[PDB]
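Participant: Quick one, protein-v3.cif (mmCIF, C-alpha atoms):
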```cif
data_upload
#
loop_
_atom_site.label_atom_id
_atom_site.label_comp_id
_atom_site.auth_asym_id
_atom_site.auth_seq_id
_atom_site.Cartn_x
_atom_site.Cartn_y
_atom_site.Cartn_z
CA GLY A 1 128.83 124.78 69.08
CA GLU A 2 125.79 123.75 67.03
CA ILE A 3 124.80 121.13 69.68
CA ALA A 4 124.45 123.94 72.28
CA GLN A 5 122.69 126.09 69.60
CA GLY A 6 120.25 123.19 68.83
CA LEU A 7 119.46 122.86 72.59
CA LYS A 8 118.93 126.66 72.91
CA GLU A 9 116.48 126.53 69.93
CA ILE A 10 114.66 123.60 71.64
CA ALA A 11 114.42 125.67 74.84
CA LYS A 12 113.03 128.63 72.81
CA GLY A 13 110.42 126.28 71.22
CA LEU A 14 109.40 124.98 74.67
CA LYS A 15 109.08 128.56 76.00
CA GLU A 16 106.79 129.39 73.06
CA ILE A 17 104.77 126.19 73.69
CA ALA A 18 104.39 127.22 77.36
CA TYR A 19 103.20 130.69 76.33
CA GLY A 20 100.63 129.13 73.87
CA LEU A 21 99.35 126.87 76.64
CA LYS A 22 98.98 129.95 78.89
CA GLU A 23 96.96 131.68 76.11
CA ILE A 24 94.79 128.49 75.77
CA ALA A 25 94.15 128.37 79.58
CA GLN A 26 93.20 132.08 79.51
CA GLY A 27 90.78 131.35 76.60
CA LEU A 28 89.15 128.45 78.48
CA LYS A 29 88.40 130.66 81.53
CA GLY A 30 86.55 133.24 79.39
CA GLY B 1 126.81 117.57 62.43
CA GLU B 2 123.88 115.10 62.54
CA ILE B 3 123.15 115.38 66.32
CA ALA B 4 122.96 119.20 65.98
CA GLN B 5 120.80 118.80 62.83
CA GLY B 6 118.40 116.39 64.66
CA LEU B 7 118.14 118.85 67.61
CA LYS B 8 117.36 121.76 65.22
CA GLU B 9 114.70 119.67 63.43
CA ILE B 10 113.13 118.95 66.87
CA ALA B 11 113.26 122.71 67.62
CA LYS B 12 111.50 123.41 64.29
CA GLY B 13 108.79 120.82 65.25
CA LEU B 14 108.37 122.44 68.70
CA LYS B 15 107.98 125.92 67.13
CA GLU B 16 105.35 124.50 64.71
CA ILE B 17 103.54 123.05 67.74
CA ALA B 18 103.71 126.46 69.48
CA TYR B 19 102.15 128.05 66.31
CA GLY B 20 99.27 125.50 66.42
CA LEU B 21 98.68 126.11 70.12
CA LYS B 22 98.58 129.90 69.60
CA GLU B 23 96.08 129.44 66.72
CA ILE B 24 93.90 127.22 69.00
CA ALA B 25 93.95 130.00 71.65
CA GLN B 26 92.91 132.51 68.92
CA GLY B 27 89.97 130.18 68.03
CA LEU B 28 88.83 129.91 71.67
CA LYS B 29 88.76 133.67 72.14
CA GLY B 30 86.97 134.29 68.76
CA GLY C 1 124.30 107.78 64.00
CA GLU C 2 121.48 105.95 65.86
CA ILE C 3 121.05 109.00 68.17
CA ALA C 4 120.77 111.38 65.15
CA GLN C 5 118.23 108.99 63.55
CA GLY C 6 116.19 108.83 66.80
CA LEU C 7 116.21 112.67 67.03
CA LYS C 8 114.94 112.94 63.39
CA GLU C 9 112.16 110.41 64.20
CA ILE C 10 111.16 112.60 67.22
CA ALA C 11 111.12 115.69 64.95
CA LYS C 12 108.86 113.83 62.43
CA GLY C 13 106.39 112.98 65.23
CA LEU C 14 106.39 116.58 66.48
CA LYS C 15 105.60 117.89 62.99
CA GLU C 16 102.63 115.44 62.84
CA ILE C 17 101.38 116.77 66.22
CA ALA C 18 101.72 120.36 64.87
CA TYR C 19 99.57 119.46 61.81
CA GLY C 20 96.86 118.04 64.14
CA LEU C 21 96.88 121.19 66.29
CA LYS C 22 96.46 123.35 63.15
CA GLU C 23 93.44 121.10 62.25
CA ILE C 24 91.90 121.79 65.70
CA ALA C 25 92.46 125.56 65.25
CA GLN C 26 90.83 125.44 61.75
CA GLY C 27 87.80 123.59 63.24
CA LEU C 28 87.36 126.26 65.97
CA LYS C 29 87.33 129.04 63.39
CA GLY C 30 84.84 127.08 61.15
CA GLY D 1 120.70 109.19 75.11
CA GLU D 2 119.19 110.93 78.23
CA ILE D 3 118.45 114.16 76.27
CA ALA D 4 116.76 112.14 73.46
CA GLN D 5 114.69 110.26 76.13
CA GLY D 6 113.57 113.62 77.64
CA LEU D 7 112.58 114.88 74.17
CA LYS D 8 110.58 111.63 73.47
CA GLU D 9 108.72 112.10 76.79
CA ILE D 10 108.01 115.75 75.83
CA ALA D 11 106.63 114.54 72.47
CA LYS D 12 104.35 112.06 74.31
CA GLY D 13 103.08 114.91 76.55
CA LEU D 14 102.41 117.11 73.52
CA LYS D 15 100.52 114.25 71.77
CA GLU D 16 98.34 113.91 74.93
CA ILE D 17 97.79 117.72 75.00
CA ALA D 18 96.66 117.68 71.34
CA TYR D 19 94.16 114.86 72.14
CA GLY D 20 92.78 116.88 75.08
CA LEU D 21 92.41 120.00 72.96
CA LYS D 22 90.55 118.11 70.20
CA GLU D 23 88.16 116.69 72.83
CA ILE D 24 87.68 120.22 74.28
CA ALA D 25 86.91 121.62 70.80
CA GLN D 26 84.33 118.82 70.25
CA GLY D 27 82.74 119.63 73.65
CA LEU D 28 82.54 123.36 72.85
CA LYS D 29 80.80 122.69 69.52
CA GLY D 30 78.36 120.19 71.21
CA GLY E 1 122.66 115.64 83.34
CA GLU E 2 120.70 118.77 84.33
CA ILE E 3 119.55 119.48 80.74
CA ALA E 4 117.99 115.96 80.51
CA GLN E 5 116.49 116.49 84.03
CA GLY E 6 114.95 119.86 82.90
CA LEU E 7 113.50 118.18 79.75
CA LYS E 8 111.98 115.36 81.89
CA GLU E 9 110.50 117.96 84.32
CA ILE E 10 108.96 119.76 81.29
CA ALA E 11 107.56 116.40 80.04
CA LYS E 12 105.99 115.80 83.49
CA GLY E 13 104.42 119.30 83.37
CA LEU E 14 103.09 118.76 79.84
CA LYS E 15 101.51 115.43 80.92
CA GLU E 16 99.87 117.18 83.93
CA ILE E 17 98.51 119.82 81.50
CA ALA E 18 97.21 117.05 79.21
CA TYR E 19 95.36 115.52 82.22
CA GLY E 20 93.76 118.88 83.08
CA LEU E 21 92.68 119.43 79.47
CA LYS E 22 91.11 115.93 79.34
CA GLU E 23 89.23 116.69 82.61
CA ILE E 24 87.94 119.96 81.06
CA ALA E 25 86.80 117.97 77.95
CA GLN E 26 85.00 115.44 80.20
CA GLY E 27 83.28 118.29 82.13
CA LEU E 28 81.99 119.90 78.91
CA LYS E 29 80.60 116.56 77.65
CA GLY E 30 78.98 115.70 81.08
CA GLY F 1 124.16 125.70 83.18
CA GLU F 2 121.93 128.44 81.73
CA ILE F 3 120.08 126.04 79.36
CA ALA F 4 119.20 123.69 82.29
CA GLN F 5 118.10 126.68 84.43
CA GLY F 6 115.85 127.99 81.60
CA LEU F 7 114.27 124.54 81.13
CA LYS F 8 113.57 124.26 84.89
CA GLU F 9 111.90 127.72 84.83
CA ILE F 10 109.69 126.54 81.89
CA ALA F 11 108.73 123.47 83.96
CA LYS F 12 107.79 125.75 86.91
CA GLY F 13 105.56 127.81 84.55
CA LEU F 14 103.87 124.61 83.24
CA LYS F 15 102.86 123.70 86.83
CA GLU F 16 101.08 127.13 87.11
CA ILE F 17 99.19 126.37 83.88
CA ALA F 18 98.18 122.91 85.20
CA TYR F 19 96.86 124.34 88.33
CA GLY F 20 94.71 127.06 86.22
CA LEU F 21 93.33 124.17 84.19
CA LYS F 22 92.37 122.30 87.43
CA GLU F 23 90.38 125.42 88.51
CA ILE F 24 88.54 125.44 85.14
CA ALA F 25 87.73 121.72 85.31
CA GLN F 26 86.42 121.95 88.89
CA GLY F 27 84.29 125.00 87.92
CA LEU F 28 82.53 122.90 85.23
CA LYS F 29 82.33 119.88 87.69
#
```
Show me, as structure tokens, the structure contained in the file I just sent.

Facilitator:
Amino acid sequence: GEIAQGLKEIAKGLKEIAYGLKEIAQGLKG
Amino acid sequence: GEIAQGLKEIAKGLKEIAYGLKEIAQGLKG
Amino acid sequence: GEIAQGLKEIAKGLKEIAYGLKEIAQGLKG
Amino acid sequence: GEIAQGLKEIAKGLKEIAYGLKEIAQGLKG
Amino acid sequence: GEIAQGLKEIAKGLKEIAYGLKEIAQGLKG
Amino acid sequence: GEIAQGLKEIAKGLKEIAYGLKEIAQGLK
């Protein structure tokens, strides 16, 4: 139920964090 | 329920973090 | 519940991290 | 309990990331 | 549980990222 | 389950990022 939904939203947030960190690493290369 | 609510609040915090990381990447590229 | 309270405390800390990341982004833009 | 512990460790990692980004931004302005 | 294990693996990865960012900061300052 | 699998895949991606950041750091120093 909403526990599984809460964990799926956490996973989505972590995926978006990962993608921001990728963008940061790209920016630091040039 | 309050476990689900706490998990969704964490997810909200993670998504806010992802927004800040993306903005940092934007700032590195510009 | 103590677990729900702990999860809300985590969420509070994450939101504080988010604000600091937005500060870093603002400083990179000027 | 184990899920909350994982989330607290994630929050610690994100706090460390934010510190490293602030130090990077200072170094890029220097 | 495997969800807690995945969250702890993400925390380890985030801490590794934090160390690389700090090394980048140190390299810009030195 | 699918949540655990997705989290493990995120963790794999974070290791890739860490190793890009290592390359950057060593290129400065």

Participant: One number please: CA of residue 9 in chain B to CA of residue 9 in chain C, in Å, one decimal.

Facilitator: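 Interatomic distance here is 9.6 Å.
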
Participant: What would chain B look like once superposed on chain D, with the fit done by least squares over all C-alpha atoms paired in order? Give it as a PDB file with C-alpha atoms, keeping the file's coordinate frame.

Facilitator:
```pdb
ATOM      1  CA  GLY B   1     120.383 108.373  75.122  1.00  0.00           C
ATOM      2  CA  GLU B   2     118.812 110.393  77.977  1.00  0.00           C
ATOM      3  CA  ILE B   3     118.512 113.747  76.092  1.00  0.00           C
ATOM      4  CA  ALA B   4     116.683 111.953  73.232  1.00  0.00           C
ATOM      5  CA  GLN B   5     114.519 110.091  75.801  1.00  0.00           C
ATOM      6  CA  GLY B   6     113.615 113.395  77.584  1.00  0.00           C
ATOM      7  CA  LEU B   7     112.710 115.000  74.203  1.00  0.00           C
ATOM      8  CA  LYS B   8     110.479 112.005  73.287  1.00  0.00           C
ATOM      9  CA  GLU B   9     108.752 112.156  76.699  1.00  0.00           C
ATOM     10  CA  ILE B  10     108.079 115.890  76.053  1.00  0.00           C
ATOM     11  CA  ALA B  11     106.698 114.955  72.598  1.00  0.00           C
ATOM     12  CA  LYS B  12     104.406 112.364  74.243  1.00  0.00           C
ATOM     13  CA  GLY B  13     103.190 115.093  76.702  1.00  0.00           C
ATOM     14  CA  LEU B  14     102.560 117.520  73.801  1.00  0.00           C
ATOM     15  CA  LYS B  15     100.541 114.873  71.893  1.00  0.00           C
ATOM     16  CA  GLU B  16      98.478 114.200  75.068  1.00  0.00           C
ATOM     17  CA  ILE B  17      97.847 117.957  75.292  1.00  0.00           C
ATOM     18  CA  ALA B  18      96.775 118.001  71.614  1.00  0.00           C
ATOM     19  CA  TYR B  19      94.305 115.121  72.397  1.00  0.00           C
ATOM     20  CA  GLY B  20      92.814 117.158  75.301  1.00  0.00           C
ATOM     21  CA  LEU B  21      92.489 120.265  73.145  1.00  0.00           C
ATOM     22  CA  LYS B  22      90.731 118.301  70.371  1.00  0.00           C
ATOM     23  CA  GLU B  23      88.321 116.801  72.960  1.00  0.00           C
ATOM     24  CA  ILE B  24      87.590 120.345  74.296  1.00  0.00           C
ATOM     25  CA  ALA B  25      86.790 121.464  70.710  1.00  0.00           C
ATOM     26  CA  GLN B  26      84.453 118.422  70.367  1.00  0.00           C
ATOM     27  CA  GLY B  27      82.689 119.531  73.611  1.00  0.00           C
ATOM     28  CA  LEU B  28      82.237 123.118  72.368  1.00  0.00           C
ATOM     29  CA  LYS B  29      80.641 122.006  69.115  1.00  0.00           C
ATOM     30  CA  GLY B  30      78.350 119.413  70.859  1.00  0.00           C
TER      31      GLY B  30
END
```

Participant: Identify the residues within 12 Å of coordinate (110.4, 114.2, 74.4) (same frame as the file), considering all atoms listed in the file, and give the answer as an NGL selection string.

Facilitator: (:A and (10 or 14)) or (:B and (7 or 10-11 or 13-14)) or (:C and (6-11 or 13-14)) or (:D and (1-15)) or (:E and (4-15))

Participant: Between CA of residue 17 in chain F and CA of residue 1 in chain F, what is the distance in Å, rounded to a tenth?

Facilitator: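 One can read the CA of residue 17 in chain F to CA of residue 1 in chain F distance as 25.0 Å.
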
Participant: I need the residue set behind the PyMOL selection byres ((chain A and resi 29) around 9) for this file; please write it as a list in words.

Facilitator: residues 24, 25, 26, 27, 28 and 30 of chain A; 20, 21, 23 and 24 of chain F

Participant: Could N, CA, C and O atoms be built for range 12-27 of chain A and written out as a PDB file, in the frame of the given file?

Facilitator:
```pdb
ATOM      1  N   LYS A  12     113.848 127.519  73.326  1.00  0.00           N
ATOM      2  CA  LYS A  12     113.030 128.630  72.810  1.00  0.00           C
ATOM      3  C   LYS A  12     111.671 128.047  72.388  1.00  0.00           C
ATOM      4  O   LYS A  12     110.647 128.641  72.664  1.00  0.00           O
ATOM      5  N   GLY A  13     111.659 126.949  71.652  1.00  0.00           N
ATOM      6  CA  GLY A  13     110.420 126.280  71.220  1.00  0.00           C
ATOM      7  C   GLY A  13     109.572 125.885  72.412  1.00  0.00           C
ATOM      8  O   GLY A  13     108.312 126.129  72.366  1.00  0.00           O
ATOM      9  N   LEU A  14     110.141 125.396  73.477  1.00  0.00           N
ATOM     10  CA  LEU A  14     109.400 124.980  74.670  1.00  0.00           C
ATOM     11  C   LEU A  14     108.853 126.214  75.361  1.00  0.00           C
ATOM     12  O   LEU A  14     107.732 126.156  75.901  1.00  0.00           O
ATOM     13  N   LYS A  15     109.579 127.319  75.381  1.00  0.00           N
ATOM     14  CA  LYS A  15     109.080 128.560  76.000  1.00  0.00           C
ATOM     15  C   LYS A  15     107.859 129.031  75.206  1.00  0.00           C
ATOM     16  O   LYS A  15     106.848 129.486  75.816  1.00  0.00           O
ATOM     17  N   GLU A  16     107.921 128.928  73.888  1.00  0.00           N
ATOM     18  CA  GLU A  16     106.790 129.390  73.060  1.00  0.00           C
ATOM     19  C   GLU A  16     105.609 128.446  73.247  1.00  0.00           C
ATOM     20  O   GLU A  16     104.455 128.915  73.209  1.00  0.00           O
ATOM     21  N   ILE A  17     105.825 127.169  73.398  1.00  0.00           N
ATOM     22  CA  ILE A  17     104.770 126.190  73.690  1.00  0.00           C
ATOM     23  C   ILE A  17     104.131 126.592  75.006  1.00  0.00           C
ATOM     24  O   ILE A  17     102.865 126.618  75.097  1.00  0.00           O
ATOM     25  N   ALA A  18     104.918 126.834  76.045  1.00  0.00           N
ATOM     26  CA  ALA A  18     104.390 127.220  77.360  1.00  0.00           C
ATOM     27  C   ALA A  18     103.490 128.420  77.192  1.00  0.00           C
ATOM     28  O   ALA A  18     102.417 128.539  77.838  1.00  0.00           O
ATOM     29  N   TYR A  19     103.950 129.451  76.341  1.00  0.00           N
ATOM     30  CA  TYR A  19     103.200 130.690  76.330  1.00  0.00           C
ATOM     31  C   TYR A  19     101.895 130.376  75.597  1.00  0.00           C
ATOM     32  O   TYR A  19     100.785 130.916  75.970  1.00  0.00           O
ATOM     33  N   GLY A  20     101.867 129.453  74.557  1.00  0.00           N
ATOM     34  CA  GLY A  20     100.630 129.130  73.870  1.00  0.00           C
ATOM     35  C   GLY A  20      99.716 128.441  74.810  1.00  0.00           C
ATOM     36  O   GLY A  20      98.483 128.655  74.718  1.00  0.00           O
ATOM     37  N   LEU A  21     100.201 127.586  75.659  1.00  0.00           N
ATOM     38  CA  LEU A  21      99.350 126.870  76.640  1.00  0.00           C
ATOM     39  C   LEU A  21      98.760 127.877  77.620  1.00  0.00           C
ATOM     40  O   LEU A  21      97.607 127.689  78.021  1.00  0.00           O
ATOM     41  N   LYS A  22      99.506 128.883  78.038  1.00  0.00           N
ATOM     42  CA  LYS A  22      98.980 129.950  78.890  1.00  0.00           C
ATOM     43  C   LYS A  22      97.826 130.640  78.177  1.00  0.00           C
ATOM     44  O   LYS A  22      96.822 130.944  78.804  1.00  0.00           O
ATOM     45  N   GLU A  23      97.977 130.955  76.898  1.00  0.00           N
ATOM     46  CA  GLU A  23      96.960 131.680  76.110  1.00  0.00           C
ATOM     47  C   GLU A  23      95.712 130.749  76.051  1.00  0.00           C
ATOM     48  O   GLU A  23      94.565 131.274  76.089  1.00  0.00           O
ATOM     49  N   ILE A  24      95.886 129.472  75.812  1.00  0.00           N
ATOM     50  CA  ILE A  24      94.790 128.490  75.770  1.00  0.00           C
ATOM     51  C   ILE A  24      94.062 128.492  77.146  1.00  0.00           C
ATOM     52  O   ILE A  24      92.846 128.591  77.169  1.00  0.00           O
ATOM     53  N   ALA A  25      94.732 128.396  78.268  1.00  0.00           N
ATOM     54  CA  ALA A  25      94.150 128.370  79.580  1.00  0.00           C
ATOM     55  C   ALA A  25      93.369 129.648  79.779  1.00  0.00           C
ATOM     56  O   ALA A  25      92.241 129.538  80.301  1.00  0.00           O
ATOM     57  N   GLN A  26      93.907 130.810  79.391  1.00  0.00           N
ATOM     58  CA  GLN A  26      93.200 132.080  79.510  1.00  0.00           C
ATOM     59  C   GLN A  26      91.877 132.020  78.717  1.00  0.00           C
ATOM     60  O   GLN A  26      90.853 132.502  79.232  1.00  0.00           O
ATOM     61  N   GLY A  27      91.923 131.471  77.488  1.00  0.00           N
ATOM     62  CA  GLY A  27      90.780 131.350  76.600  1.00  0.00           C
ATOM     63  C   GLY A  27      89.697 130.466  77.173  1.00  0.00           C
ATOM     64  O   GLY A  27      88.526 130.670  76.939  1.00  0.00           O
TER      65      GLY A  27
END
```
